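Novice: First, the structure itself, so that you have it in front of you.
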Amino acid sequence: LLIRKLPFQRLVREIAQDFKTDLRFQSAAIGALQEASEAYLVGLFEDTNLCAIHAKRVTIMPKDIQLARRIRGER
DNA sequence: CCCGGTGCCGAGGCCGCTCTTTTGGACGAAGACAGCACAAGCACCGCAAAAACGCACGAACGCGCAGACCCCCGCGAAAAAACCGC
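Residue numbers (PDB author numbering): 60 to 134.
This is the structure in structure tokens:
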């Protein structure tokens, strides 16, 4: 895993702090969340690279991300 | 077969009416006219502009280098809570 394990834990807790106050986490929940997040982001970067190559470029730009999320059907 | 007499049909008379042609001879000059405005389409010439391609150049990003930073790695401690049982 490329992201670390403690900043990601803090991010997850911060996000979870909105839906219910003072929620405990479990052995393999944060690990699964990190695996899913990194897999998702790698797929998104694959699609972004495809779009950037389509535009005859090598640099990925935010509009490529936006196009990828639009075609995937993401809101 | 004969008498009294009347009302019905015939070819013609005649009356009021409607239709037709005509309106002197010759000469001169001037002036104003003698289908049109309107209509859709063919075959053609033309300018304004698109989506894309070709060229030039300037700057903002990559590359390269020496520096500062804190993510990452490694270590040891404590015990919440996950996995198991009845």
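C-beta atoms are modelled at their ideal positions from N, C-alpha and C, and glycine is treated no differently.
What is the rounded straight-line gap between the Cα of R72 and the Cα of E97?
Specialist: Position 13 of the first sequence, counting from 1, holds the residue named residue 72. Position 38 of the first sequence, counting from 1, holds the residue named residue 97. Roughly 18 Å between the two C-alpha positions.
Novice: State the DSSP-derived secondary structure class of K115, mapped to helix, strand or coil.
Specialist: One-based indexing of the first sequence puts residue 115 at position 56. In the structure shown, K115 sits in coil (DSSP, three-state: anything other than H, G, I, E or B).
Novice: Do three or more CB pairs link the segment 83-91 to the segment 114-132 at distances below 8 Å?
Specialist: Too few Cβ pairs lie closer than 8 Å, so no.
Novice: Let me check understanding here. Comparing Cα to Cα, which of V101, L109 and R69 lies closest to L60?
Specialist: As a position in the first sequence, residue 60 is number 1, starting the count at 1. When each option's Cα is compared against that of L60, the closest is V101.
Novice: In whole angstroms, give me the CA-to-CA distance for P66 and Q93.
Specialist: Within the first sequence, numbered from 1, the residue matching residue 66 stands at position 7. Within the first sequence, numbered from 1, the residue matching residue 93 stands at position 34. Cα to Cα, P66 sits roughly 11 Å from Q93.
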